[PDB]
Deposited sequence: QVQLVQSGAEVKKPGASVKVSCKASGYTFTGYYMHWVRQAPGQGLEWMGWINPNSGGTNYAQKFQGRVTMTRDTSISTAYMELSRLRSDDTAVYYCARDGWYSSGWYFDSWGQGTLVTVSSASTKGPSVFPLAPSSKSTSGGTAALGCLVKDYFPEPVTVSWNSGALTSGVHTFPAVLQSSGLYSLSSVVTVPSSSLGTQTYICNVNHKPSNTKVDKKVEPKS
């Protein structure tokens, strides 16, 4: 069984460079081309280039040419993709994909899990958690993605809606997590939202009360 495991997410300032790894297993590493496809949030797929792990030869997309470098290390069956002089619009999920077909075209039968690369001139910051006294929590002004919100340490799951984050003009993200409950338990059942923003090691328990 084929597996493509990529490196964790990264956060970079505009102008800096990022390097993503992609370790392969379950097949002859030097026997199949490795491609790199990215996907901006909400947008479609975009081919960047491929590398022949046997030869080491490359073929970069016309728009990433002169900014991308694709290498490989056969001894560890790992491919690399370095994108330098980054811009804000380079924020995307970066995938490594194996093309398994000698004939015909490029058919990507195995993909990595992706590596989110956030490129922004903003600095990291923990969120401000404000209650929404249906009740919820407002996870405002944080950077970068993501944040994980649970209610009562995951004991409460039914009726919970955690909305996708929005990028505010300030460069910071913000989302809301609401939940619907019977009105009989409001003066009795205690409702706490647990916000966890790993990038800043910020954890907030906020008791929502009418």
Note down, first to last, the deposited-sequence stretches for which the model contains no C-alpha atom. 134-144, 222-223
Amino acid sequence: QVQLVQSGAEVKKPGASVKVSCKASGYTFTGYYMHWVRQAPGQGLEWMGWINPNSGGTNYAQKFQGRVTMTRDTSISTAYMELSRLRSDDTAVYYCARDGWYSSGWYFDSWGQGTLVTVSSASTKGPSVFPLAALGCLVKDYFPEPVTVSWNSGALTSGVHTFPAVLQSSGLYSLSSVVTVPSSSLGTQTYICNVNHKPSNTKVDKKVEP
From here on, numbers count along this sequence of modelled residues.
Averaged over C-alpha atoms, is the B-factor higher for 18-26 or for 183-191 in this PDB entry? 183-191
Which is higher on mean Cα B factor in this entry, 139-147 or 27-35? 27-35
Can you tell me which of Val166, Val160, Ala40, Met70 has the maximum CA B-factor listed in the PDB entry? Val160
Out of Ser75, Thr115, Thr124, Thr118, which one has a C-alpha B factor higher than all the others in the entry? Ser75
Sort the modelled residues of this chain by their C-alpha B factor and say whether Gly49 lands in the lowest, middle or highest third. lowest
Split into thirds by Cα B-factor across the chain's modelled residues, where does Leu156 land: lowest, middle or highest? highest
Please say which third, lowest, middle or highest, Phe108 falls into when its CA temperature factor is compared across its chain. middle
Ranked against its chain, the third holding the CA B-factor of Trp101: highest
Using the B-factors in the PDB entry, rank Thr58's C-alpha atom against the chain and give the third, lowest, middle or highest. highest
